[PDB]
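Visitor:
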Ligand SMILES: [Ca+2]
Ligand SMILES: [Ca+2]
Ligand SMILES: [Ca+2]
Ligand SMILES: [Ca+2]
Ligand SMILES: [Ca+2]
Ligand SMILES: [Cl-]
Ligand SMILES: [Cl-]
Ligand SMILES: [Cl-]
Ligand SMILES: [Cl-]
Ligand SMILES: [Cl-]
Ligand SMILES: [Cl-]
Ligand SMILES: [Cl-]
Ligand SMILES: [Cl-]
Ligand SMILES: [Cl-]
Ligand SMILES: [Cl-]
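So this is what it looks like as structure tokens:
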């Protein structure tokens, strides 16, 4: 992803105008390839018209150019672009929201699963690894970079994400479906086995551990559904045709004709079209937005970095469930033990943020 | 459904332009039937005007053509198309979201319902079959392909989805309503009977099993409501009339008139209209999107495949609740037993995805 | 309601064009009354202008007609229509979603309230009737057809929905408010009395029965709030004025003037306006959509049928809680007892729906 | 509020046209003040131009009028109006949805808190009063009419909403913040004290009573946040400027110039502008909608009536928790004791609402 | 933030027009910097054209000006502005909704954690401080003013937010990630340690305390995700280019040319452009709205005041959990002990708000 939040915190003289000099993940980078084709076609057509064509052919070309220019009536490109982009953006954000974070579950596991010794450490670590395995499987199934990192199920064993016995057990199912649901069943069985013992005190703490697992499974299923079902090809093709016909009409129809015929509108000759390139930039970036965001799990610049959160999650959960089981700092009286109105100090650089409490809009009326 | 997600992962020189060569589920396939009628009518009218009509009739036709062309003012077809399509797309996605998956329930059943023997296997299998029966009934009642697969309730018995005794009991209700609610009551009664015994330990694990059933019933009811109540016929007819009047006006009014009368706009004669066919394609695909998505459970190409998930669900649930009751892989120390900072390896092809953790936008200011 | 879902399952040559021949709940039925007034006014004005007016008055009328036609600039009727209709449609669907169905509650009552004898049957039936009484009261208070069916509270006693003692107890409250909240309090008291006894085993099954009642009460309150608070009259009047001024300007300003004055645009005389009637149809159906959907509980064709679900609910709940308390079919081994990969058969007519499971978008890259 | 729902139940010949004769809460009432200023300015400018100005000044005025009229190009007033009004309407409805109703809580209190005597009646009444006190405090802090009714905290004591001891305890906190959170803490403490005794049976019924309190607190906090944070002044000022510049340009630029100069468009002189007043009405009502709905808690006509629900809630809750503790009507066999298919009768006036049950869209294909 | 809610409670003659005189947080304040550049460029270009250029160069400039003015066709600036601003506003409100308030948690802690003595006071205070520490950490990581107030983790110790032992324990983790998740694990461990003792009665009151912590963690994670992932740079750059090209075209193309050439449209010379400055104001404020709201945690005027709620929360929670453990006012009979229909009095200034209860729309039909 690209983070420019620290650059637009305040509104200044140049805030949105200094972002036009960026190169990574920008319209210039996305359209360098397709601007050259447009320029080459435009100049080839202009040269052919101005050198090869004779007088009668030039007259025919001028008549065709007027006929073509009559059809740039702003066909609802400005409508389909925007009615399509809003849906694309909504789908993009909804796809982000269904990323599984085992933070609501590592806390519960570490707090509830008792026993500071072996056979308790092993149980907690296995329980927390079974949750990461499912997210790894679904992310590998839906993400190109994660698939490149783990092309085969043996790479998961080699990387320590799962054991040889687990791989052998997974291979012995004999089902022609994605096996991204097995770790949740393993988690449920292990939790019940742990309850049948001295490691879980009550059944009220066991119906709370098997309630975050259901939510994680639902989120993984939503991710899989988003990957499986895509925006209709009919809608995508309609938008593409509407955008491309505009520039096809512009190519022959926005050319500087001869000014010796007193044509109504074509009066001066310019070497390059200045206000056509700007329209190209605008109307093509508006489409490149959707082109980039149609699949958030890829290798673009504005795409989710799913290879960082399979390691951050692993490290954080393993540290939380093992090294911080019941190791907490000492309890001491705080600074405001005898004061009912604490007043934390203010620094010199942040003294202008002092404000009085808001006491309702109806105060002093 | 049509899946092209793997083809649009990255933005390239041609990403949205190589999708115009697809045939299955595309505008060309959807409009091959209705393009011929338009072309035939256009050419018949042109031939009649240019051969049959005399001079006075030709003058009258020209005056009528100018009057007609004055009325292509972009009547808000570009508005109704889009204000209708957004609603259609929202309804389509909401219809998808209410598909029942018994994954949150098979886990709970397998974990909680105890007993690895007969009378435990039978109880678990019956409990998990009662949930699939209701989804099968509602899907058969709302889906054409599923109805074609199961035209009669005896086909369900023949296919193993339910037993002869269950069919006889269902036939003895005597109610003039859809019987898609009985299996949930059967599930509740069987769960209570199982609790009245040694197969469910506590009442906290029985109020958790009868809480996923309520959610599944709500989802089935939402599906039935979506099937029963449709988008208003008034709105559909308004959109259809608005779209059709546009091309009716185009037919007589976008014809190449005689250029001997110095008409203001009609100057050159072309054999075929190039910029009318493109408008037809765009404005008709924008309507075919809604025509396709108005009923997601059909036999189109971009329609839900409900015949695959009545078998995937059955196989997965039956395997999970029976063959994996408390069969889990052995517990062994993992690779990172003594390391507090695990570092999984990176492959050569995915070495460019290495990134540092994000530590807030306010860092280093 | 009008159901045409079975007619638009697939996209064919004529799918949206065969819906224009429907009469019930259509634009023709909704506008037959107001098309005649428009036609009569148009023809009366035309006859007056063409017969009564003299030469100077005709010249003045022509000047006024040009001035009027200059003001049909598509004032944002196409905007307010659509920005109003989207809100109306959202409110309509939200009003539908808050219809109370006692399916999540009849299951719990039948499963939990124990005792197959008298004083158990009576308790279950009273508990399930108290829930239907509240929905009947709110629906009668908000629906015209239901009020016509039950004009007085004595009709409820006559129809068996409540008892004479219940009516006498309800009459002795002395409050100037709608008494649609009493049955929920009665339900809570009866449930607590049943718990204080042998009919409810635990308090975990009593906090689950008094949690669906709260949701039903919330849904009824939302229905009452939707009935009480309506779309602002200012917004409705703005839309109505914007729509009506358009046709007021069209009446005088879209008339065929004399072609002897070489006017710029008026060249040919037609007996009837063809492209004005189509605009009338479109711009008036777009408003009749909101006119119909502004109150879903009425006597239109596209209005909710609330008189069917006060009887369906009653029959279904009474049968479920009484005749199916713990009567369930026998438990027998199913067809796939010894098979780990069930394969239900496919019919000849549905053999084209066979598909392979989707295994991720990243497969085979 | 204004309720016209009973007037628009069905679509008739005049349904939306008979609402234009209403005076209370209408565009005429909202714009009577500002129509006079516009008319006076228009006529003063016209009189000055037609009497005071000489020939050269008149020519200059005509040139300026053409220049001004060239700038009425429908600047996106039709866009900002509507993109602003949708947000305003959404905020209005969301503000309504967060009104606290203690109906989910009075039921639980009356059902669970046991003891029909003194020290039980007192406890229930105090528990139900602590909930109303917080809603009264927040509504007084955010609503002008409620503040006018209760200008001082002593008025609450005088009106019986709280006791002298409660007022003295509230005055002894010494915090410079709104004290709308204290009653919830008092409720929690009183509930725990009641549990530490014989009035609450289990801790499962105490975690259910302290779960509605959290929801009520969240709703009150949302109301306070909506009051505190408003729509940006930049956006409001942008909309106001865009609307006002339109009529500023209309004033000088939509005047009837002299027809002796053969100007292109100004041909006939009318005493009053007919199609300018209609545009004023439409474009000004579209803004008065947002002006009215920007603060739902005021003294307009289409504003929430918060002074009725501080009394309705009090009476209803006090009656429910005290006079109906365990007083319920007798249990008797209903009318359909021996009938499995109840058939309630239909009246003559509602005999046309009889319908058959819907059995799926796939039936009979 | 800027609060003007008390000024727009009612709709008056001037309600939205008296807000144009505000200076703080307004379009004038936001555009004073960039209006001068536009004016200077315009006047420099005008002076150069009218003094430096010769006759032929002036003719070329006039031809270029007509060519430029032909390209102000309202390129969809009015569309992108609004389709971008709606998304920005939605993100802004969603960012506000995820602010953690420990009001649902301080109530539960004070009510449930028993013991009015030392080792109970210490436990409650530590439990309530661990929750504030996490919100302080995330707010410091995402907010510029909070970072300025607390530039280093030692400032938190100096300000009393955490202890030296806690700082030393936090420093000994050795992870390259944001440590905003540790306090939640500490809270869970401390809660379990408290349960293992006499301070928590049941496990039903311990699964309720560790359920608000999960919600607070989810809200903090959502805030962090919103900070990390921003609106695409492609979309921002597209909007900026579309807005800037409009005024670039206006600069050369909206100038008063010589009126001696009878140009079609340029007839009168004005010293300053009046209707260009208004367009600048409108089209630039519409963009400054998004420029301001793109990062709600900054130092603008319409930005969240996060430095007030780290102190309000601290004071309120510390007072609630310590000084109000089980200190509640005495229980006495209220004013309406013997009255079933309480009637609170109405003041003279609020006597016009008396209304009758709404009894359904179907009443009296
Ligand atoms: Ca991508
Ligand atoms: Ca279909
Ligand atoms: Ca209706
Ligand atoms: Ca108001
Ligand atoms: Ca900011
Ligand atoms: Cl799922
Ligand atoms: Cl150009
Ligand atoms: Cl349902
Ligand atoms: Cl053509
Ligand atoms: Cl309610
Ligand atoms: Cl006509
Ligand atoms: Cl809050
Ligand atoms: Cl006028
Ligand atoms: Cl999170
Ligand atoms: Cl100007």
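Residue numbers (this note's numbering), protein chains in the order written: chain A, 1154 to 1518; chain B, 1154 to 1518; chain C, 1154 to 1518; chain D, 1154 to 1518; chain E, 1154 to 1518. Each residue gets a CB set at the ideal place from its N, CA and C atoms; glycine is no exception.
(1) Taking contact to mean at least 3 C-beta pairs separated by less than 8 Å, is the stretch 1156-1174 of chain E in contact with the stretch 1335-1348 of chain C?
(2) If you measure from the beta carbon of residue 1175 (chain D) to each beta carbon in chain E, is any gap under 9 Å?
(3) Residue 1391 (chain D) and residue 1238 (chain D) - do their beta-carbons sit closer together than 9 Å?
(4) If you run the structure through DSSP and keep just helix, strand and coil, what is residue 1500 (chain C)?
(5) Would residue 1357 (chain B) pass as a contact of residue 1240 (chain A) if the rule is Cβ separation under 9 Å?
(6) Residue 1380 (chain C) versus chain E: which residues are under 8 Å apart at the beta carbon?
(7) Is the beta carbon of residue 1284 (chain E) less than 9 Å from the beta carbon of residue 1359 (chain E)?
(8) Any C-beta of chain H within less than 9 Å: which residues of the stretch 1342-1355 of chain D qualify?
(9) Can you name the residues of chain E whose CB is closer than 9 Å to the CB of residue 1297 (chain C)?
(10) Give me the Cα-Cα distance between residue 1484 (chain B) and residue 1476 (chain B), rounded to the nearest whole angstrom.
(11) Since residue 1340 (chain D) is in the alpha helix (DSSP H), which residue starts that stretch and which ends it?
(12) CB of residue 1447 (chain E) to nearest heavy atom of ligand 5: below 8 Å?
(13) Taking all protein chains shown into account, decide if residue 1195 (chain E) is buried (16 or more other Cβ within 10 angstroms of its Cβ) or exposed.
(14) Go to residue 1320 (chain C), then tell me how far its alpha helix (DSSP H) extends in each direction, as first and last residue.
(15) Does the CB of residue 1407 (chain C) have a neighbour CB from chain D at under 9 Å?
(16) Tell me which same chain residues have a C-beta within less than 8 Å of the C-beta of residue 1104 (chain C), skipping the five on either side of it?
(17) I need the straight-line Cα distance from residue 1387 (chain C) to residue 1315 (chain D), nearest angstrom please.
(18) Taking a cut-off of 5 Å, which residues have a beta-carbon closer than that to any heavy atom of ligand 13, in chain order?
(19) Return the first residue and the last residue of the alpha helix (DSSP H) that residue 1398 (chain E) is part of.
(20) Using a Cβ cut-off of 9 Å, pull out every chain B residue sitting near residue 1493 (chain C), in sequence order please.
(21) For a test of your reading of the model: does the CB of residue 1194 (chain A) fall under 8 Å from any non-hydrogen atom of ligand 7? Yes or no.
(22) How far does the alpha helix (DSSP H) with residue 1488 (chain A) in it reach, from first residue to last?
(23) Looking at ligand 5, does it come within less than 8 Å of residue 1443 (chain E), judged from the CB to the closest heavy atom?
(24) Does the structure place the stretch 1247-1267 of chain C close enough to the stretch 1277-1293 of chain C that three or more beta carbon pairs sit under 8 Å?
(25) In angstroms with no decimal places, state the Cα-to-Cα distance between residue 1328 (chain D) and residue 1256 (chain D).
(26) Could you check whether the Cβ of residue 1158 (chain B) sits closer than 9 Å to any Cβ belonging to chain C?
(27) Should residue 1441 (chain B) go down as buried or exposed, given a rule of 16 or more other Cβ atoms within 10 Å for buried?
(28) What is the DSSP secondary structure of residue 1412 (chain E), counted as helix, strand or coil?
(29) Output, in chain order, the set of chain B residues within a Cβ distance shorter than 9 Å of residue 1285 (chain A).
(30) For residue 1331 (chain A), which of helix, strand or coil comes out of DSSP?
Guide: Reading off the structure:
(1) Judged by Cβ distances under 8 Å, the stretch 1156-1174 of chain E makes no contact with the stretch 1335-1348 of chain C, as fewer than three pairs qualify.
(2) no
(3) No, the pair does not count as a contact, with Cβ atoms beyond the cut-off.
(4) coil
(5) Using a Cβ distance threshold of 9 Å, residue 1357 (chain B) and residue 1240 (chain A) do not count as a contacting pair.
(6) 1513, 1514
(7) Result no, Cβ atoms of residue 1284 (chain E) and residue 1359 (chain E) do not sit closer than 9 Å.
(8) Among the protein chains in the structure shown, which are A, B, C, D and E, there is no chain H.
(9) Per Cβ cutoff of 9 Å: 1514, 1515, 1518.
(10) 19 Å
(11) 1335-1348
(12) When distances are taken from the beta-carbon of residue 1447 (chain E) to the heavy atoms of ligand 5, the shortest one is below 8 Å.
(13) buried
(14) Start and end: 1317-1324.
(15) Judged by the 9 Å Cβ criterion, residue 1407 (chain C) is not in contact with chain D.
(16) This structure gives no information on residue 1104 (chain C), because the portion of chain C shown stretches from 1154 to 1518.
(17) 40 Å
(18) D:1426, D:1428, D:1429
(19) 1386-1404
(20) 1468, 1471, 1472, 1475, 1476
(21) Every heavy atom of ligand 7 is 8 Å or more from the Cβ of residue 1194 (chain A), so no.
(22) Run containing residue 1488 (chain A): none; DSSP gives neither H nor E here.
(23) no
(24) Yes, the stretch 1277-1293 of chain C touches the stretch 1247-1267 of chain C.
(25) 32 Å
(26) yes
(27) buried
(28) helix
(29) Simply none; closest approach about 11 Å.
(30) Under the three-state reduction of DSSP output, residue 1331 (chain A) falls in the coil class, being neither helix nor strand.
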